[PDB]
């Protein structure tokens, strides 16, 4: 359940990200070594020895020296460490030393959730954010034709009724986007919908 690496690699290639995509990685992703080229990756919070827990997307624009982090719940760094034991200082330091003459970068990280609290669609949301980054690498988080299809909410409000229509609609728009843009998703639509559904993780 959730999405495998093979699934996410096929979808990212369908979305046109292939020229800049480094691949899928576990939490040891080393960072970007790319002072002159756009690059991006999908990175799990856990190590490969666990089989995967949660997907994030990292992307890098060499001309603005900006590393983007899109994690679908928009957790603070403290909550990423609390919930997922994930920290990414090392990969940011490697990226700045390898890819910027001044050893300085801007980190731009999402602060809102797009995903519902029982959903298993994290990897698919990362693939949609990387279509936006490959096409609008100066404004991938919002104000572009892909990310305008979905709406972030404060992660503190996730279990409140006033945001449930928005989170449902976000996952419906993610699947419609992947039907339009990914022949892999089209050919696997039912299977992936069932494995990643909005309430796939709901307590019983």
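Positions refer to the first chain, counted from 1. Note that the rigid core is defined as the largest set of C-alphas that superpose within 1.5 Å between two forms.
Root-mean-square C-alpha deviation from the shown form, taken over all structures in 5 other deposited structures of this protein superposed by the rigid core, is larger for 154-162 than for the alternative among 154-162 and 139-147. With 5-13 and 186-194 as candidates, the stretch whose CA atoms show the greater average offset from this form in 5 other deposited structures of this protein after a core fit is 5-13. Taking the mean C-alpha B-factor of each stretch as recorded, 161-169 and 143-151 are not equal, and the higher mean is that of 161-169. Mean CA B-factor, 127-135 versus 101-109: the higher value falls on 101-109. In the PDB entry, residue 50 places in the highest third of its chain by CA B-factor. Among all modelled residues in its chain, residue 121 ranks in the lowest third by Cα B-factor. The entry lists a Cα temperature factor for residue 96 that places it in the middle third of the chain's modelled residues. Among the modelled residues of the chain, residue 156 sits in the highest third by CA temperature factor in this PDB entry.
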